[PDB]
């Protein structure tokens, strides 16, 4: 029932982690990761938070997992390639690492099986996507935006059972470093970097294959992290006029954003997970 902010970039790349309690509107530190990671992907499975890839001293293939019961991080087998700005989704008991930036922007995808402790390649996307946002709905992994040769407005969806990627309607604007959240049967694309740092937000309906604008955030947030809890979408950190420690929350019932307590430090490219 807590929102974890993992790594990111502010004054430096960060290994620190902190957790937000919506009941108290307070952030508290937890154990740091073994290395700093910005542009890190985070996934929750088997009661653990996995931190996947990111950028630290270099682009990282390494992975580690946090146990809230012990407040300890432990290493996980590394991925086949380094992936900074990687999207991460959980479906069918696997952790998918989607795109990112290694030696170059990546279209490749790979999947981690916690039962075997091994990564395997799966089908690549139709375009490389560094800084991609990902989310799961309807048994599909959606890859939203990112950076190919330029910031992308395009979107595509992966079906694990067919091991194929299929095109989705594009967003209204290009977005990389975009936060992606699912609530009420809709996929929300939050902020990001396009022509400028973005405060705009839009929502995708899989049943109509159309995107619609919703209310913008209080501030542009490139590299924002996003989580859903209590029927709200939380936008965490990111880069506006400067790296932000601030956090704000979206109520779909009223289509309005409101601030909540800020983190201890600014975090852009922050990984955000709920457990």
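Positions refer to the first chain, counted from 1.
- On average the C-alpha atoms of 23-31 have higher B-factors than those of the other stretch, with 23-31 and 239-247 being the two compared.
- In this entry, the higher average B-factor at the C-alpha atoms falls on 228-236, of the pair 228-236 and 215-223.
- The entry assigns its greatest Cα B factor, within the set 116, 154, 126, 84, to 116.
- Within the listed group 185, 192, 121, 99, the record reports its top CA B-factor for 185.
- Residue 258 sits in the middle third of its chain by CA B factor, as recorded in the PDB entry.
- Among the modelled residues of the chain, residue 130 sits in the lowest third by CA temperature factor in this PDB entry.
- When the CA B factors of the chain's modelled residues are split into thirds, the value for residue 138 lands in the highest one.
- Among the modelled residues of its chain, residue 58 has a C-alpha B-factor that falls in the middle third, as given in the PDB entry.
- In the PDB entry, residue 92 places in the highest third of its chain by CA B-factor.
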